[PDB]
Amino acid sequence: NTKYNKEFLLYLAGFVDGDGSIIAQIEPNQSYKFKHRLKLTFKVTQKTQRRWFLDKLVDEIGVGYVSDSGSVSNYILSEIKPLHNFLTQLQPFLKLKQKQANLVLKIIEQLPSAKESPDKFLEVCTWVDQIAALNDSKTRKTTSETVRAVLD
């Protein structure tokens, strides 16, 4: 649990509200208890020419990594505990993505509980729906309703 400087968080919140994404996904997979897994991602995208900015972000946040897809690169943070700490500190300063951040926090806090109960897993999937609705979602496939086929 790093603590960040306020001036860094203020600037970063603005940058994330611009070029960032707070992403929650339900991924079908037969080896998981409820035939699906939850994936939570904080991402910041930038033309690879400016990957240096993302590399600096790695250093400054102190966790995560940068992946180059050719034309653009992405800073990525997915590991649950660091993501929780980071978003806890970022969230107060967000204006466009605040609600997404807080839903990701609520999801993370319920994960242990969602592992034990299909009712509970479903409910957490509905919060994933809400995050997608808050985002500019356009290619989504798997939703809580797909899962609700734990009806069975």
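Heads up: residue numbers just count along the shown sequence, starting at 1.
Comparing the deposited coordinates for 109-117 and 65-73, the stretch with the larger average C-alpha B-factor is 109-117. For the segment pair 25-33 and 90-98, the entry gives 25-33 the higher mean B-factor, averaged over Cα atoms. Among all modelled residues in its chain, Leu103 ranks in the middle third by Cα B-factor. Remark: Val44 belongs to the lowest third of its chain, ranked by C-alpha B-factor as recorded.
Compared with the other modelled residues of the chain, the Cα B-factor recorded for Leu38 ranks in the middle third. Annotation for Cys125: CA B-factor lies in the middle third of the chain's modelled residues.
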